[PDB]
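Letters go in sequence order (proteins before strands), and every chain restarts at 1. As the structure lists them, so they are numbered: ligands from 1, and atoms in each ligand from 1.
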Amino acid sequence: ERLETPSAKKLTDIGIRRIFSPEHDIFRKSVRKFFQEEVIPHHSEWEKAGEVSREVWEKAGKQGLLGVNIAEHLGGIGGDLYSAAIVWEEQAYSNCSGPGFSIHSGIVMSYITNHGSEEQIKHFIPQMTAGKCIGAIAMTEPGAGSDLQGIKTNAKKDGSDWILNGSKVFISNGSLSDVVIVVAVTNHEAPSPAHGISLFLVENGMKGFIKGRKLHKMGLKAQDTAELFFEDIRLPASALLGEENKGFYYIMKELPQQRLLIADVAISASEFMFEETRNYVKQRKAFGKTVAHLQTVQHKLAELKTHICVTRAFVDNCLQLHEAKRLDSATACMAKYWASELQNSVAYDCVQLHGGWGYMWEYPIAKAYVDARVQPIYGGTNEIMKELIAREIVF
Amino acid sequence: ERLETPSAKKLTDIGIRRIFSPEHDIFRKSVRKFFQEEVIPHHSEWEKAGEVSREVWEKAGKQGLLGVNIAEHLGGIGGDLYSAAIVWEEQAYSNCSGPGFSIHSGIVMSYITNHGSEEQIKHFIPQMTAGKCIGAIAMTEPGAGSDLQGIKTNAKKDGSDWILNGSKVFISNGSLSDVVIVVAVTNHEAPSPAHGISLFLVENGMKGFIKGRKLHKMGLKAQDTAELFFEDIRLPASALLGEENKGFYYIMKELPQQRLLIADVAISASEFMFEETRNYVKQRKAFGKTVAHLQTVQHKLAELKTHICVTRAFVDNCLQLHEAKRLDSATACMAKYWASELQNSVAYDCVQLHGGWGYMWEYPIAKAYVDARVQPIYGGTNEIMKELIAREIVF
Amino acid sequence: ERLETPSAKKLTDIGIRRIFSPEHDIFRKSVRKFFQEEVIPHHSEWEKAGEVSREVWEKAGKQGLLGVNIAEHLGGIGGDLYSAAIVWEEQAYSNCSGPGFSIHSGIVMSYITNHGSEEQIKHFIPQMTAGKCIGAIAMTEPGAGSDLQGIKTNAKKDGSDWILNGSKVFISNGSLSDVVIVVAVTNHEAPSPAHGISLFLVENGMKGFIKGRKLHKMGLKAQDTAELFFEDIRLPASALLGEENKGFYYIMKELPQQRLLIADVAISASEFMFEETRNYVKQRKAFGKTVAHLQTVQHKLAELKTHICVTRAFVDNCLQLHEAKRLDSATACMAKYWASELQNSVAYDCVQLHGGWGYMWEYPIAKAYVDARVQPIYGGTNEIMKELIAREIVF
Amino acid sequence: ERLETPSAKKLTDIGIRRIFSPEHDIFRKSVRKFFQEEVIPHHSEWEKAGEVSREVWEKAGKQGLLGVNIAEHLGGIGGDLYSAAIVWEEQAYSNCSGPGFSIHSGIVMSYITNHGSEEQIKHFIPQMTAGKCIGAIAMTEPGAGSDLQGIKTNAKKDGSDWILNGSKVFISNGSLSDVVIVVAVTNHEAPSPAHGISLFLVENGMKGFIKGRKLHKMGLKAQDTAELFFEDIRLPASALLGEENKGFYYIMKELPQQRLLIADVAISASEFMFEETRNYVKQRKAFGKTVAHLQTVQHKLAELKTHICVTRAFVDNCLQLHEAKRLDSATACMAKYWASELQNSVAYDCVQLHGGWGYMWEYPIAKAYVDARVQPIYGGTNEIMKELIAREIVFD
Ligand SMILES: Cc1cc2nc3c(=O)[nH]c(=O)nc-3n(C[C@H](O)[C@H](O)[C@H](O)COP(=O)(O)OP(=O)(O)OC[C@H]3O[C@@H](n4cnc5c(N)ncnc54)[C@H](O)[C@@H]3O)c2cc1C
Ligand SMILES: Cc1cc2nc3c(=O)[nH]c(=O)nc-3n(C[C@H](O)[C@H](O)[C@H](O)COP(=O)(O)OP(=O)(O)OC[C@H]3O[C@@H](n4cnc5c(N)ncnc54)[C@H](O)[C@@H]3O)c2cc1C
Ligand SMILES: Cc1cc2nc3c(=O)[nH]c(=O)nc-3n(C[C@H](O)[C@H](O)[C@H](O)COP(=O)(O)OP(=O)(O)OC[C@H]3O[C@@H](n4cnc5c(N)ncnc54)[C@H](O)[C@@H]3O)c2cc1C
Ligand SMILES: Cc1cc2nc3c(=O)[nH]c(=O)nc-3n(C[C@H](O)[C@H](O)[C@H](O)COP(=O)(O)OP(=O)(O)OC[C@H]3O[C@@H](n4cnc5c(N)ncnc54)[C@H](O)[C@@H]3O)c2cc1C
Ligand SMILES: CCCCCCCCCCCC(=O)O
Ligand SMILES: CCCCCCCCCCCC(=O)O
Ligand SMILES: CCCCCCCCCCCC(=O)O
Ligand SMILES: CCCCCCCCCCCC(=O)O
């Protein structure tokens, strides 16, 4: 009944890929409509402002695009992993990297609902599903980003409170965030920092919580990445997320999802770029016929489509495993690493096929190129992905 | 209940991969035992001889390894495509490329049962399933392989018999074949040679049918490959396979299975090489530790394992599609091309990891390296695969 | 005597490479000071402005960095090719791509003093060497860049004047230019586009000459690139550069220098990126020790340094050949193609070695990454380079 | 007044590349003639025997191909480094990896003349220059090839004699060698073998010296590679090459020439494959034209030609530096590593361009493919090459 991407008219067609159902296709169509009409037309302006509007967040919240795979009885929408993936994919197909929906719904809401108390869940989830409370997660610091145990941010108890001090960097949704999950060292006496880390829900408005100026980056112009500062912030007992000192444990449990998320975003962006480029060369007149008639272009496009389809098959297998809660760390790392790498190889060749116009911001491929470059870096660099993958091979 | 290759203890473990059932596992174990006892111990001798014995072929037929996925009511063993794939895979896992079982079972027996008459099927299939009648297919000629329009071998109608003249090169199982499917032009006056070709079943013993000497090759030392010559062979009317002048149609229908076969053999060979090399470096002492303790080696193995697992996912997806009769030519070409390229990339890096010993015929990786080099060439060059894949992209 | 880049303390050290003299080093040192003191400190401002100041051009001219290798008695600065290259290289080593000096001096001024008259050489060369007259070169058009036959810009002659019409795209120095060498079709009923093309000097001010607004690109933020328009510009008889319909001949003779120029800039930017990155990883610590101590990082740096040094050797060989006026089109195409691809390969790996900081505009590697991507596109795409290189191989 | 490979009619043409002179071109034509007439016609037979004839060695000696760049007053032919390189290159252009000439002349004879005694030089060099005494060098052992400290072969002083025990593997010219420079531990009491290693001249015939049978390899079919065993061989004081415990110092001084040698052989092999393949596709008919008319084939050839030419330029700069005795270990490592890697990349693409025929031993490209695979491994693996190169990048 369903075709796989290689046989589809377009890698981005609706109604394809075996892991989806007819009900998923319907939802897919609506999400695609949302990005096409509510995101794509305002993106150029958000790029200029360096951030998206609160309006689109509330719009996404109203249409039900936030907290999709978060249990309904907890304040989420209640869909399965496949529905949540559709939202990641469609955003990638729109080539609009500004809105930080997936970090919000795929990571932050996930930590809160999986390890938060009943009161934290009741206080945050509905607001986040509505898109009125924007979430962010802050682990990385100026001195440590792959070496989590090297974290310096710290929190020390003062009765029932916690005095939080330190700073984070490269925080997505940094500017617009209303709630930020902060990783901090709570036990300087623990044997290893891995046994002395906790998670704290820091809210915009607490005294001492300062948001730095938006960072100037080579890409992701509309994503408000920023530095965060904590100045002797007195945090109520309710700010502590999960058990004290069990923070590393919670991060480890959530990592697999974060990696698969990045992986699907990466391969979806590649499918976008391929179709975008396919279209360009078949339209670009040259030597009387289209650039698409040149043999070298045809072989190049074949190479790109093959690698893209091969990788999508693996990512879809991972989405299936994760749905069944059977996707382990190593497999998640393979997907993240291989897909993020492919995304940059595809972007590079696709810009080339566009000639000079590929270097112009007017053309989508231009921003696809700079937006792609960040994927092999965040969420655990690919060097780290290979390290983790090698553990089961040699040890 | 079933792990995929990334999570298994070894990429070659039995009981892994969701496309197989526990009944397939029982069968795989038995086939693996067969190669371990009836092929591996005698392969060195066969390399020297330049061909395997008739004995192993008959043992294979008796044990039920030939004609798997060939209709039982047609004289085959029956069983699904997955069972047939298990035999391709296990031969790859044994690193013995001598026995030409794959071409015989997956191609020649296929052409006969799908497009042959009751008489032809009754005459060939049972003895082919028994391993007493070895099959080969001959399309390639000295003048051209990638140029189908350049076939010179021809058959002239003389009364009710066919007069066949010409020659073919690079024919696998060419030396010990008992029946060979020959592609020849039967209508030179046809608009397109694609509509003027026919298939003929030539048997060993006919007058005018001459087998040339075994060709000296860089690898596949035990695979008897040779040139064939047809000198005014008077073929009975029962030598024609299928309808006259529709040979191109039949070839086009079998190609997808041929490409998929090559793809699975390639990815399976890669999995063998990976585990073989993984084992070697964990055992090779160096600098007070094992080569496997070196970070560069760990990352190299991670890269290899990741790419192999990713391709395995696409190939398994292709097997599933083919089992459903839903695998088209373009997808088959993607698997053939991508897997055969990976196979050589893997072999190169695995030889490197063995150091000097990787150049010694004594070590399996050495013959794996030279054996791997033929895959990107036969069954349609990877260059031809790209042209075919590009066809749907631009037209 | 002198050391080559592999043996030097740093690839960018002054006093290395056999093709330079002690006198060249002194010039080198003074050129290095200029960029550090007059370019680097203000580049960020120009990036935001979208163009450099006319002041920096006058400072460059006054200091004798504009028009090197241009005959002194022609109003130039004199000096061999090695001196002109030093200015290209040092601008690369400063990682400041804003000022279009090399085009102005290495391209525009070369055309004027090689195929221009004394009335033109006397008029333009003096003020161009002073940085008061900024030149450009318009060849590429919206319809085609690579397909030379696709030129729509035509110059119908009227009496002794010429009626210029058409448009250009991607014109570097498009905003600051005071004189632009325009390529237009003069002889339409010409057999080949070699007997129908002419070079014109369109000075700023002539009616009908319309400069479009600066183009928004992914990189070269400080390089004013614009679209140029021509709506019936009456051109004097002196506006014609060289012989009518002889443009092709002029361009073909200058192309080598342009290719060598891009190649040296590409390889120099690679040497800069390497030393920048080598320094970064030696000062960055993680998981206990400096990133530079990781074996993977070490081998990566060894690969980068090796490829960079091998390519530098080729480029210097090309500078020598060009000095003796013996660099052909093919050899120059090899240099431009290989060095431009290597530059992006180096940039990618160097961004990865900086981790997240490599994505921040604050770090030089970030702008170096996006600035490098233009090289394989302009000055003739690398695809065109291969075509040209292939011509003598098969034809 | 000379063209660089990029501009020549063929990358293998005589009279090109700035480092050579018209005198060199004359010698070049002569050497090329030697391989076409005395080697090419018999290589197939040698591949089956797994070793070349002692006759081709003596013929090479008589025509002055052995000992080039080995001082004439020392028993060699003399000539500069460029002349010795011509012999390495021409053998590669012939696509005959059988004759172990380069090793014998560019390595073994070099050790002897650069660190041997006047007596050792008198006895060995003359007959080696004549091709009467074939040389081999043995460092690698069963359990250690990239690990120096792993060497187990050892020699103990017994009076003025040396007792040698151990074994080596992968020894080129192993079967027909008359003299072998053996690396052995002479002082394990030292902090590192870098100060406890000595070189010895082991000769065929000495009691206890055993040659193993020829090893079966994927390529280099006519190159007699073998393992060697030393069983309490009583070596006279004269067997010691150089000073006791200074072996490492000598090996260290010779490595750059060894790496440069492999480097030149690697890039030269690539030049041969390119022209061989270029010829094939221009001659191969397809679609009523030649495979060379396909745009993909043209671009692929341009890519190969460019990389080969870029690498040749670097290798020639290294030849010029070594001529002046100014070639660094790190620089020589860059050449050995980069050229051997490119050689295999070129081999792979060229086999592909030949279609099925590239898999047939009949065609030159097939043996060139398996012959190339050895280069990234011996003379120090490419991984070791990177390690050495990284030293000055990260430390100091
Ligand atoms: C735009 C953007 C958005 C991001 N969003 C978030 C976010 O929302 N929240 C958050 O907390 N962080 C986020 N990050 C930070 C990101 O996760 C880190 O940059 C990333 O984890 C890399 O850490 P680092 O920058 O400290 O690099 P480092 O850890 O310093 O690593 C630098 C280099 O050393 C290499 N290296 C280090 N260790 C090894 C090793 N063991 N083996 C081999 N190589 C190694 C790294 O791979 C890299 O090549 C984001 C970053 C960017 C750029
Ligand atoms: C920032 C920037 C600055 C520039 N500055 C100048 C300048 O100052 N003056 C000037 O005149 N130009 C300049 N250019 C323009 C530049 O020279 C052209 O963009 C370049 O020549 C490519 O032409 P195109 O963009 O039309 O690509 P196209 O010709 O459309 O090519 C598009 C794709 O088709 C491929 N293709 C086309 N022909 C072949 C072929 N025959 N074989 C295989 N593939 C082929 C191309 O390689 C590319 O992959 C600049 C460009 C940029 C981006
Ligand atoms: C045909 C042939 C001819 C030869 N001729 C000679 C000869 O005449 N005389 C002689 O003495 N030797 C010769 N050799 C031997 C050759 O020098 C060695 O095989 C080579 O140095 C590799 O050593 P090894 O085989 O012990 O591999 P090992 O040292 O075991 O290395 C195995 C793998 O580990 C890798 N590795 C080891 N160390 C590191 C590291 N530090 N970092 C990252 N990776 C590492 C190696 O690169 C390789 O990938 C020859 C070899 C062959 C194949
Ligand atoms: C060991 C071995 C076993 C084999 N077994 C069989 C068998 O049993 N029966 C049988 O019939 N055949 C068999 N073959 C033959 C094999 O199918 C052919 O060699 C293969 O199809 C390639 O054809 P060719 O060798 O004629 O190469 P050619 O067609 O000459 O191609 C030569 C080069 O040109 C390239 N080229 C051709 N067309 C294009 C294009 N249009 N665009 C770009 N590049 C192109 C090719 O890819 C290749 O790079 C086998 C081959 C080998 C080596
Ligand atoms: C380019 C838009 C990508 C949106 C999904 C990003 C998912 C990973 C976010 C960063 C996670 C981390 O680094 O902790
Ligand atoms: C390495 C052993 C592979 C055995 C299966 C080979 C299948 C393809 C055989 C050649 C088919 C053809 O080219 O017509
Ligand atoms: C990154 C700065 C490069 C400065 C030198 C550019 C030389 C080529 C300019 C474009 C030439 C052309 O496309 O006609
Ligand atoms: C293909 C023929 C190559 C001839 C030169 C080989 C040079 C390296 C020989 C082995 C050196 C060593 O491993 O000690």
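Considering every non-hydrogen atom in both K152(D) and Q149(D), the closest pair reads NZ-O, 4.5 Å. Considering every non-hydrogen atom in both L220(C) and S97(C), the closest pair reads CD2-OG, 3.0 Å. Between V108(C) and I181(C), the shortest heavy-atom contact is O-CD1, 3.6 Å. Listed here is the closest heavy atom pair of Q343(C) and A269(C): NE2-CB, 3.3 Å. The two residues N69(D) and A84(D) have their closest heavy-atom pair at CB-CB, 3.7 Å. What you find for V315(C) and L260(C) is that their closest heavy atoms are O-CD1, 4.2 Å.
Here the straight-line distance linking atom NE2 of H104(C) with atom CD1 of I137(C) works out to 12.5 Å at 0.5 Å rounding. Going from atom CG of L353(B) over to atom CG of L304(B) covers 7.0 Å, rounded to the nearest 0.5 Å. For the atom pair CZ (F287(B)) and CG (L148(D)), the distance works out to 9.5 Å, reported to the nearest 0.5 Å.
Protein residues having at least one heavy atom under 4.0 Å from any atom of ligand 8 are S102(D), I103(D), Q258(D), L261(D), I262(D), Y378(D), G379(D), listed by chain and number.
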For this session: Would you please test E362(B) and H216(D) for side-chain hydrogen bond (donor to acceptor under 3.5 Å, both in side chains) and show each step?
Result: CA-CA 7 Å; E362(B) 186 189 329; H216(D) 187 175; over 6 Å; no

Problem set entry | Test log, rule side-chain contact (heavy atoms from CB on, under 4.5 Å), inputs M360(B) and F170(D) | CA-CA 9 Å; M360(B) 303 297 99; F170(D) 300 138; 3.6 Å; yes

Exercise. side-chain contact (heavy atoms from CB on, under 4.5 Å) between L215(C) and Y359(A): does it pass, once the steps are laid out?
Worked result: CA-CA 10 Å; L215(C) 302 167; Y359(A) 204 71; over 6 Å; no

For this session: Mind running side-chain contact (heavy atoms from CB on, under 4.5 Å) on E254(D) and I107(D) for me, showing each step along the way?
Result: CA-CA 8 Å; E254(D) 306 297 308; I107(D) 297 180; over 6 Å; no

For this session: In sequence, state the C-alpha distance, the side-chain angles, and the governing distance for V297(B) and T290(B), and then conclude on side-chain contact (heavy atoms from CB on, under 4.5 Å).
Result: CA-CA 10 Å; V297(B) 171; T290(B) 69; over 6 Å; no

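Geometrically, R373(D) engages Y348(B) in a cation-pi contact, judged by NZ or CZ lying under 6.0 Å from the ring centre and within 45° of the ring axis.
In this model, a donor atom of one side chain and an acceptor atom of the other lie less than 3.5 Å apart for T296(B) and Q295(C).
Of the listed residues (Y359(B), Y280(B), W357(B), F170(D)), the one carrying the non-hydrogen atom nearest atom 14 (N) of ligand 3 is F170(D). Of the options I137(D), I181(D), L294(B), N382(D), the smallest heavy-atom separation from atom 40 (C) of ligand 3 is shown by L294(B). Of the candidates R373(D), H354(B), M139(D), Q352(B), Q352(B) brings a heavy atom nearest to atom 48 (C) of ligand 3.
Closest protein heavy atom to atom 22 (C) of ligand 3: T381(D) CG2, 3.5 Å. Nearest protein heavy-atom contact of atom 33 (C) of ligand 3 is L353(B) O, 3.3 Å. In terms of protein heavy atoms, atom 30 (O) of ligand 3 is closest to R284(B) NE, 2.9 Å. Looking from atom 8 (O) of ligand 3 to the surrounding protein, the closest heavy atom is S172(D) N, 3.0 Å. Counting only heavy atoms of the protein, atom 21 (O) of ligand 3 lies nearest to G145(D) O, 3.7 Å. For atom 1 (C) of ligand 3, the closest heavy atom belonging to the protein is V374(D) CG2, 3.7 Å. For atom 27 (O) of ligand 3, the closest non-hydrogen atom on the protein side is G355(B) CA, 3.8 Å.
Close approach of ligand 3 to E383(D) is summarised as follows: ligand atoms under 4.0 Å from at least one heavy atom of the residue are 43 (C), 44 (N), 47 (O), 49 (O). Close approach of ligand 3 to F287(B) (heavy-atom distance below 4.0 Å) involves ligand atoms 38 (N), 39 (C), 41 (N). Residue-ligand proximity, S146(D) to ligand 3, at heavy-atom distances under 4.0 Å covers atoms 23 (O), 28 (P), 29 (O), 31 (O), 37 (C), 38 (N). Against a heavy-atom cut-off of under 4.0 Å, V291(B) is close to the following atoms of ligand 3: 34 (O). Each of the following atoms of ligand 3 lies closer than 4.0 Å to a heavy atom of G379(D): 17 (O).
Aromatic ring centroids of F395(D) and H293(C) lie under 6.0 Å apart. Here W88(D) and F101(D) keep their ring centres 6.0 angstrom or further from each other.
Residue contact annotation: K386(D) has no non-hydrogen atom under 4.0 Å from ligand 3. Look at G174(D) and you'll find every heavy atom at least 4.0 Å from all atoms of ligand 3.
Counting heavy atoms under 4.0 Å from ligand 3, residue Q223(D) does not touch it at all. Heavy atoms of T140(D) found under 4.0 angstrom from ligand 3 belong to the backbone as well as the side chain. With a heavy-atom cut-off of 4.0 Å, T296(B) touches ligand 3 through its side chain alone. Proximity of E387(D) to ligand 3, defined as any heavy-atom pair under 4.0 Å, is confined to the side chain (atoms from C-beta onward).
At under 3.5 Å, a nitrogen or oxygen of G356(B), whether backbone or side chain, sits near a nitrogen or oxygen of ligand 3. Taking only nitrogen or oxygen atoms, main chain and side chain alike, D147(D) does not reach within less than 3.5 Å of ligand 3. The distance criterion of under 3.5 Å between nitrogen or oxygen atoms is not met by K217(D) with respect to ligand 3. For a threshold of 3.5 Å applied to N or O pairs, the pair formed by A138(D) and ligand 3 contains no separation below that value.
Closer than 4.0 Å to atom 35 (C) of ligand 3 lies none of the heavy atoms of the protein.
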